[PDB]
Amino acid sequence: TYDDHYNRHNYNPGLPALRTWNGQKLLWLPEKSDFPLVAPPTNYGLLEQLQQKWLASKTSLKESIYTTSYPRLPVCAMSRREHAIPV
Amino acid sequence: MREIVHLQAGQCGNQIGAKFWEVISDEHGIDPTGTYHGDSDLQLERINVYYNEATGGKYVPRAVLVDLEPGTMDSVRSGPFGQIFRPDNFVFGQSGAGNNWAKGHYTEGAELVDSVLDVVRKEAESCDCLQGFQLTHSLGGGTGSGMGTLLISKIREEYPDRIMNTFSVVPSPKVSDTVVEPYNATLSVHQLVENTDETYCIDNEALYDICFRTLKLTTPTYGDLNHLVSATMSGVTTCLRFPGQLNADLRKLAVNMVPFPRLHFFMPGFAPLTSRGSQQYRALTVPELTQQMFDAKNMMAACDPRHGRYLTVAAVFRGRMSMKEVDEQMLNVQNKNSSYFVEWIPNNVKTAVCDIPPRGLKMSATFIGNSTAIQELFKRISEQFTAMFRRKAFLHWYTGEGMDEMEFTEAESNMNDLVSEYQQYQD
Amino acid sequence: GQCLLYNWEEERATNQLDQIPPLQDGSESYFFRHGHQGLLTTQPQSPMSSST
Amino acid sequence: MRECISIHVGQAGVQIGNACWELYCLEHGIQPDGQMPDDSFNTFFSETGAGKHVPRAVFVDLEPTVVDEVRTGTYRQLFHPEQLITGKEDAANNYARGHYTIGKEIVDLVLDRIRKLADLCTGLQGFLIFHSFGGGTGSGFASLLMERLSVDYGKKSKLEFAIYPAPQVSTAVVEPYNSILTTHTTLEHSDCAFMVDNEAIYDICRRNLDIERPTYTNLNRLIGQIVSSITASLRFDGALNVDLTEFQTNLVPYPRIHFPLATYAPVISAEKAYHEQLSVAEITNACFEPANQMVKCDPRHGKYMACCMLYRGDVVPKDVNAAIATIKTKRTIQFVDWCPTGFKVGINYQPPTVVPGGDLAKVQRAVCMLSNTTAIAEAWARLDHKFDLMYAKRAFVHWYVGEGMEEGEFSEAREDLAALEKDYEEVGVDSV
Ligand SMILES: Nc1nc2c(ncn2[C@@H]2O[C@H](COP(=O)(O)OP(=O)(O)OP(=O)(O)O)[C@@H](O)[C@H]2O)c(=O)[nH]1
Ligand SMILES: Nc1nc2c(ncn2[C@@H]2O[C@H](COP(=O)(O)OP(=O)(O)O)[C@@H](O)[C@H]2O)c(=O)[nH]1
Ligand SMILES: [Mg+2]
């Protein structure tokens, strides 16, 4: 419900924009209180997050924690050293 | 020389105060930037009565704008004539009064009045010969009725000789917009009477009656109401600014208008109120003014003068005219309505003439009146005050501030004593 | 006030003198909160009389 | 600069926070991620270094699920991750759980977060607290937080928006207990209360808005409209700007009388609005009709004490004046002897905005009423009747005594609210 209202902003393309009459059902026939949208359900990155979290388990990951912790750094990420003494 | 200091407090005084500075900036011909773009010489000879000289041909208003909440200070800065006011002249608090007379007068106004007293003393020392002080505020707020009425107590002790007048806004009984309204007013009237030379009681109700009937505008907002108040503010001080056939000043009427320092409450009126549709069809003479200004429907306060006796009357004329039927019509209204005047003061009408007209209108006139009918409005507050006070309602807001209970009694005793001796001066 | 009702006299007298919202403003009260221009100084384009 | 801090506690508090913060972001124009693509906007949204604004609210709930829903919603990047606080276990419709054993674990964390928020803000206008009397969390945690907040900030105003249990319908059975025993906190550590029930707003939505089957969000949008109508005078400009302190003084006569009544107008749909012409007279006449209260009580059987009117939009003081005079010329509406003047009018200029997918039509003008009146005495009279009818047989008491509170306070609470209604009868007495 919270995803339907706040996340989706009540995005129901099948529902008409305005309301009209109905004759026998002495009401205004369209009604957003029923007929939800039943589109692709409430989803976000958590599926893939869990999939990676358990896929990255069964690997032959022999190595020292030193070598897996200290790789070769990019030359782009070096410090620019703006403030320095000489001219 | 003859300078005027305009004190400005509260949501009320800030709005009409900005409105007042808009009118007199037009007449003296200053743009909102600060340069003199008028044409006549007489526009700029005595500009220094409200305006202070600045380098580069600039002029700054000599006004002090205060409010215990900072929201209005952004608004007046955001007005049409918003940049003209000096940034140091803005002194503002963080917490509002809550329509609480006690909070603005003792709790939080106490820390701020020194800041207001600081700028005023420098304001006072800047002018060579200050003629007096001027304040616009609300008797029904928390700041003007509260801290503002505190400022009156301090400067009067500091500057005794100078004349101060209050263009205050009284509540109406027919319409009110505050439940605790009679508490602040009853706690305000007790202070003005002690130290104020003359008071111009302005009613918000009668102004709505004016624009509905006299001017017949379909949606006059608050800005139109402030204009008619702004019109009166310029109308009283015009003979000071310009030459006249017979001039006057704030003392020439204040001395002439009060027989006793207790009787100092006044009822201010404006003469030339005609609808926009039929302006070209209007005739402009002395008679139709006198028939207009003495009518009760024209009046800007909530008392019918037909129910009281006129003690003294002061009228200041604007417009180059001569005096003969100006003098004659004052006699015609005097002898005809002889019952509506008191008899122990002969020739109770005061007239004053200034030569210049306003912009766009060849003539103007401003009426200042002391009547018995102003005493009726005060009794209406007491009838409201006692009913709420007898049940001690809404009182813990005042009680929890360190105030005692007897100050409510003495203020009730004062204005009851005022209307007691005011009534005996009717008979 | 094309319809003749409830002060249509003044409404048609100042039908265009007051109605100038330049298509950004959506409320006459907000546009005229400061005060109505055409009041007590009709044709406000006359300078001070220099005659004393 | 004026700043208000929101104290949303409980599941109801979190949901009303969702609706109100959606409306605030919309009306200021804030993106849901937290970027700006007259108004003040500083009172609620606080700048950060990267040009991003962070709301000044604290969401606390003792069940993690509802807060996690917002943590995984659209507004996940808008609220500060420290601002939203959760507990593993709830109070589960128990004041004793909400007050004596479960709250004390996280009271200090909540107070530290509030202290940081108050240190960020410069001029704090006050604390707006949202909760419900029925829920264990919404009663207990609100009570303990309020009693500690009172000693932390003596002079700061503490306003309450509370969901009162309805006269007939109920979402639980043990709620009269919690609603009875939260009264001490809401009576001595409070400044004003805004009790609402769900039943009256159900009726109002069915009757005027024509939505035959309202859900909780249909109420939450209306509550958000109430709070925006309240704080518009802080947010924007107007002829008569009003403040929290302004209406506390104009609405509380006595220290034991701080329960005004909430009312909103106009509340209609687009099909109604297109053909019904909305004037200030009509909206102020609708706002006084007893069929338009947010709480189930007839003011015709009570007596008005004080009213705060909040107008907003293309509203004019003269038609306000005619409205008020017409209201006063009525024998049907009554006022007490000691309140000859009982209206406080506040005016704002910015017209209320509309949430897409909403229910209210786009209206140029709006009004809100806060009416302190004595007709709400019957509500606690019914509450007292039902509380005695259950307590006489000591029902459900073992849960409380086992959680660790003593039983004399039961009778103490009953005596307390009996004294409350006695004082309300005292005020309703006229000195004629
Ligand atoms: N108007 C409105 N009322 C709500 C909403 N959510 C909950 N309530 C009210 O809250 C009451 C129940 O309290 P809850 O918030 O569910 O529970 P709690 O306050 O967290 O206390 P615990 O159950 O112990 O955790 C119900 O009686 C509802 O009337 C809402 O979204 N809108
Ligand atoms: N005539 C007039 N009255 C005003 C104006 N602004 C505010 N008021 C009145 O001032 C009263 C509220 O004043 P308030 O803000 O509480 O004063 P403060 O508390 O002393 O700052 C209201 O009753 C208004 O009628 C204005 O521009 N013109
Ligand atoms: Mg819960």
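Enquirer: Just to check I follow, could you spell out the side chain of D:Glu3 for this structure?
Expert: All names here are of chain D. In this structure, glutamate 3 sits in strand 1 (residues 2-6). In this structure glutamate 3 comes out as buried when scored by relative accessible area, which is 2%. Here the side chain of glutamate 3 touches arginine 56 through a polar contact of 3.1 Å, side chain to side chain. Ignoring any residue separated from it by four or fewer positions in sequence, one finds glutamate 3 in contact with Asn42, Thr43, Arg56, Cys121, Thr122, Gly123, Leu124, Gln125 and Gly126.

Enquirer: Would you take a moment to explain the interface of chain D and chain B for this structure?
Expert: Many descriptions give the size of an interface as the accessible area lost when the pieces come together. Each partner contributes to the interface: chain D provides 39 residues, whereas chain B provides 34 residues. When the area that chain D buries against chain B is broken down by residue, the three leading residues are D:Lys318, D:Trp338 and D:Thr341, summing to 20%. For the interface between chain D and chain B, the tally reads 2 salt bridges. Applying the counting criterion to the chain D and chain B interface returns 16 residue pairs in polar contact. Secondary-structure elements contributing two or more residues to the side of chain D that touches chain B are helix 10 (244-249), strand 10 (304-313), helix 13 (317-328), strand 11 (343-348) and helix 16 (408-428) of chain D. Here the side of chain D that touches chain B takes 4 residues from helix 10 of chain D, the largest share from any one element. Residues belonging to the side of chain D that touches chain B are distributed by class as follows: 19 nonpolar, 11 polar and 9 charged.

Enquirer: Explain the site of ligand 2 here, please?
Expert: Around ligand 2 sit 16 residues, and of these B:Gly142, B:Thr143, B:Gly144, B:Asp177 and B:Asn226 come closest. Of the chains in the model, those with residues near ligand 2 are chains B and D. A distance of 2.7 Å separates an oxygen atom of ligand 2 from a polar side-chain atom of B:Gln11. One nitrogen or oxygen atom from the main chain of B:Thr143 is found 2.6 Å from an oxygen atom belonging to ligand 2. Burial of ligand 2 by the protein chains amounts to 94% of its free accessible area of 600 Å². Mapped onto the shell around ligand 2, the elements with two or more residues apiece are helix 1 (10-27), helix 5 (143-158) and helix 8 (222-236) of chain B.

Enquirer: Can you walk me through helix 12 (residues 324-336) of chain B in this structure?
Expert: Because each turn of an α-helix spans 3.6 residues, side chains separated by three or four positions in sequence point in the same direction. Across its 13 residues, helix 12 of chain B extends 18 Å between first and last C-alpha, which sits within 8% of the 18 Å expected from 1.5 Å per residue. Where helix 12 of chain B is buried, its residues touch helix 11 (286-293), strand 11 (310-318) and strand 12 (349-354) of chain B.

Enquirer: Which parts of the structure should I look at to understand the environment of B:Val229?
Expert: Residues and elements named next belong to chain B. With respect to the helices and strands, the residue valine 229 is situated in helix 8. The class for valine 229 is buried, based on a relative accessible area of 9%. A C-alpha to C-alpha distance of 20 Å links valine 229 and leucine 192, two positions 37 residues apart in sequence. Leave out the neighbours within four places in its chain, and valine 229 touches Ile16, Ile202, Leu207 and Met300.

Enquirer: What should I look at first to understand the pattern of salt bridges in this one?
Expert: Pairing of side chains with opposite charge becomes possible as their charged atoms draw close. All names here are of chain D. Summed over the entire model, instances satisfying the criterion amount to 33 salt bridges over all chains. A salt bridge links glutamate 3 to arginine 56, with the nearest nitrogen and oxygen atoms 3.1 Å apart. Residue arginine 56 is classed as buried on the basis of its relative accessible area of 5%. One network of salt bridges, with partners in common, ties together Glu82, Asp112, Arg113 and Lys116.

Enquirer: Would you mind going over unusual backbone geometry with me for this structure?
Expert: The general pattern is negative phi for most residues beyond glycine and trans for most peptide bonds. Residue and element names in this part refer to chain D. Here the residue pair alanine 265 and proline 266 is connected by a cis peptide bond, since its omega of -5° sits within 30 degrees of zero. By the element assignment, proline 266 lies in the loop between strand 9 (262-265) and helix 11 (270-275). In the Ramachandran plot, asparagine 93 falls in the positive-phi region, its phi being about 55° despite a non-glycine side chain. Among the structural elements, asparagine 93 can be located in the loop between strand 5 (84-86) and helix 3 (95-101). On the basis of relative accessibility, which here comes to 34%, the residue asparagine 93 falls in the partly exposed class.

Enquirer: Is there a simple way to explain the arrangement of the chains in this structure?
Expert: The highest contact count of any of the 4 pairs of chains in contact belongs to chains B and D. Nowhere do chain A and chain B come into contact; their C-alpha atoms are at least 33 Å apart. Nothing in chain A touches chain C; the tightest C-alpha to C-alpha distance between them is still 25 Å.

Enquirer: How should I be thinking about the nonpolar core in this particular structure?
Expert: What tends to happen in soluble globular proteins is that the nonpolar side chains get buried as a cluster. Counting residues in hydrophobic clusters, the biggest one holds 115 residues, and the most contacted among them are B:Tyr183, B:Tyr398, D:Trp21, D:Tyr177, D:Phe259 and D:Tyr424. Residues lining this core come from more than one domain, with at least three contributed by each of domain 1 (3-257) and domain 3 (375-425) of chain B. Membership of the second largest hydrophobic core comes to 62 residues, among which are B:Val170, B:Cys201, B:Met321 and B:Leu377.

Enquirer: Would you mind going over the site of ligand 1 with me for this structure?
Expert: Residues and elements named next belong to chain D. Taken together, 22 residues sit near ligand 1, with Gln11, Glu63, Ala92, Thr137 and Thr171 positioned nearest. Taking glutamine 11, its side chain carries an N or O atom lying 2.6 Å from a nitrogen atom of ligand 1. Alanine 91 is positioned with one of its backbone polar atoms (N or O) 3.4 Å from an oxygen atom of ligand 1. Contact with the protein chains removes 88% of the 640 Å² of surface that ligand 1 exposes when unbound. Among the elements of the structure, helix 1 (10-28), helix 5 (136-152) and helix 9 (216-235) are those that each provide at least two residues to the shell around ligand 1.

Enquirer: What exactly am I supposed to notice about the UniProt feature "active site" in chain D here?
Expert: When the UniProt feature table is mapped onto this chain numbering, "active site" sits at D:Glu246. One can find D:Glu246 in helix 10. If near-sequence neighbours (up to four positions away) are discounted, D:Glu246 is found in contact with B:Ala97, B:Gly98, B:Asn99 and D:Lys344.

Enquirer: It is not clear to me how the pairing of strand 13 (residues 364-371) of chain B should be interpreted in this structure. Could you clarify?
Expert: Residues and elements named next belong to chain B. Burial analysis of strand 13 places 8 of its 8 residues in the buried class, which makes it a mostly covered element. Along strand 13, one buried face is formed by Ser364, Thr366, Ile368 and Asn370 and the opposite face, lined by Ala365, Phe367, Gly369 and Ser371, is buried too. As judged from the 4 bridges shared by strand 10 (residues 265-270) and strand 13, these two strands associate in the antiparallel manner. Bridging across to strand 13, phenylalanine 270 finds its partner in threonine 366. For strand 11 and strand 13, the ladder comprises 8 bridges, and the chain directions are antiparallel. Within the sheet, the bridge partner assigned to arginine 318 lies in strand 13 and is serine 364.

Enquirer: I tried to follow the packing of helix 6 (residues 181-192) of chain B against helix 13 (residues 374-390) of chain B on my own but got confused; where do I start?
Expert: Packed helices, taken two at a time, are described by their axes: the angle between them and the distance between them. Residue and element names in this part refer to chain B. Helix 13 packs onto helix 6 with a crossing angle of 125° between their chain directions and a minimal axis gap of 9 Å. As judged from the angle between their axes, helix 6 and helix 13 are oblique. At the point where helix 6 passes helix 13, the crossing takes the left-handed sense. In this structure, helix 6 uses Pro182, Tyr183, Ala185, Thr186 and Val189 to contact helix 13, whose residues at the interface are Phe378, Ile381, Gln384, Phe385, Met388 and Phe389. The residue inventory of the contact of helix 6 with helix 13, partitioned by class, reads 9 nonpolar, 2 polar and no charged.

Cut-offs used in this document
Residues numbered from 1 in each chain as written, not as in the entry; some residues may be left out. Chains lettered and ligands numbered in written order. Part of a larger assembly, values for the part shown. Heavy atoms only, no water. Helix = DSSP H or I, 4+ residues; strand = E, 2+ residues; numbered from the N terminus. Buried < 20%, exposed > 50% of the residue type's maximum accessible area, 1.4 Å probe, protein only. Polar contact = N/O pair within 3.5 Å; in protein donor to acceptor, adjacent residues only side chain to side chain. Contact = heavy atoms within 4.5 Å. Buried area = accessible area lost by both parts, 1.4 Å probe. Salt bridge = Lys/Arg side-chain N within 4 Å of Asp/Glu carboxyl O. Nonpolar A, V, L, I, M, F, W, Y, C, P; charged D, E, K, R; others polar. Near = heavy atom within 4 Å. Areas by Shrake-Rupley, 256 points an atom, 1.4 Å probe, with all protein chains shown as cover. Expected span 1.5 Å × (residues − 1). Core = buried A, V, L, I, M, F, W, Y, C linked by side-chain atoms within 4.5 Å. Domains from an automatic or database assignment. UniProt positions renumbered as here; feature names shortened; annotations may be inferred. Pairing = 2+ DSSP bridges. Axes fitted to C-alpha atoms, helices over the stretch in contact; angles between N-to-C directions. Parallel < 35°, antiparallel > 145°, perpendicular 65-115°, else oblique. Left-handed = near helix turned anticlockwise from the far one by under 90°.

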